[PDB]
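One chain comes next, on its own, written out as structure tokens in the form deposited in one PDB entry.
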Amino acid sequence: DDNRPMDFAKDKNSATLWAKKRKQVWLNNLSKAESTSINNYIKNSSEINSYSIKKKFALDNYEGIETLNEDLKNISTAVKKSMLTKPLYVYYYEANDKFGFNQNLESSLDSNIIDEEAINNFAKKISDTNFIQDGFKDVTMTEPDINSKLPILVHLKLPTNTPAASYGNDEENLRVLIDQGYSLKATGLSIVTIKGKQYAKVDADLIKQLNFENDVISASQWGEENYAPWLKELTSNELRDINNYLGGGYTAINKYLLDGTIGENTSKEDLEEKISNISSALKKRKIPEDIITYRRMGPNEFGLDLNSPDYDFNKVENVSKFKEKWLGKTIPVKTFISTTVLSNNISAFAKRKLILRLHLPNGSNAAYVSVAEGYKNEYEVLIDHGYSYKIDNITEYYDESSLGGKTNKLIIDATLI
């Protein structure tokens, strides 16, 4: 029950009373599998969250580890039994990395003090961005009196209905477990002093973006519902040249857009005609709400060869190089952008190491082209040529599967602009 403030602030006694009361009931409402899985999270959260990432980006017929699948499912159903009846502010310390920001926030002259230039740049970086939150998240009810090393204090507002369960082995320092599927949107920034030391306080809202990840059924229903009319209403030439692009025409078309190259069993005129028809098609029904889309990018899309030493992300140095190079950069895109609404890996591009996770905003000129017959299983959203995207974050994970290439891969969170 929620007969409490929205923000316990520094009032640990109240927060504890509320939490104890909630948690006891919640625990009595759990299955033994659910119970087991929450205790698993207590023991093993890091492994479970890492695993959720490996799993969502894996190929279709990836089996994984059974007990961890159970933990994903059971933790989620468990916490859904503890939904908030009103908003709750929660707290956690955080590092630069989680905001895709690689400038030191600490002043070079005084360790207790935030650097002014850095915090201003930070202010820019955290704006105009929905930070996807992978895995589950556990947070504190109160401003934590721990002498944190970390530069950032997140003050996160959980909305009404958020599954957020009171849990932990210490009844006097119960934590809050937040269900996966959410993103973080900054609502304010300030410097605060805690025990003589400054922190960048990021006020943010927890929000939920459309993001099907592995939910093929939902993704298909959404694509059909929003773009079937689009398909039926195409002009004959638009339908023809979209069909051509999809059927393998994309290579020549996108190459022409990239660097004007014309293999001349075609003409500049024909290439221009197909591009103009596909583009006009893509302007016909703007993306109706923000949606996360995905692309397995080849190394060339970032100036790399398959055999470039820098492409070797199994060395930490190269991941660092890549992060320093591309973090926060704006990438102009002359080509059409083929994406999918699924996080699933794709056989034909199974070993590609760069995974674009692109925030595709409402009003973008793009279409779910997989409504077209014979393409239902591609789950593809095609974006118009000429856009750009900014890189919000670069996050590595190890794809241990052989078909995936036994390699670290980089989840590149980006926003279309």
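Residue numbers run from 1 along the displayed sequence. The term rigid core refers to the most C-alpha atoms you can superpose between the two forms while keeping them within 1.5 Å.
Although not depicted, the form solved in complex with a small molecule is the subject of the following passage.
Within this chain, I119 is remote from the site of the small molecule in the deposited complex, having no heavy atom within 4.5 Å. The small molecule in the deposited complex is not approached by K56, whose heavy atoms all lie more than 4.5 angstroms from it. Using a 4.5 angstroms threshold between heavy atoms, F313 stays clear of the small molecule in the deposited complex.
Looking at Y245, you'd find a heavy atom of it within 4.5 angstroms of the small molecule in the deposited complex.
Although the partner is absent from the chain shown here, none of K351, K353 and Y398 has a heavy atom within 4.5 Å of the small molecule in the deposited complex. Taking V319, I207, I346, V139 one by one, only a single residue has any non-hydrogen atom within 4.5 Å of the small molecule in the deposited complex, and it is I346. Proximity to the small molecule in the deposited complex, defined as a heavy atom within 4.5 Å, singles out one entry of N300, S127, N104, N169, which is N300. Contact with the small molecule in the deposited complex, defined as any heavy atom within 4.5 Å, is confined among 291-299, 196-204, 83-91, 109-117 to 291-299.
Annotation: Cα of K43 displaced by less than 2 Å between this form and the one not shown, core superposition. For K32, the Cα coordinates differ by under 2 angstroms between this form and the one not shown after the core has been superposed.
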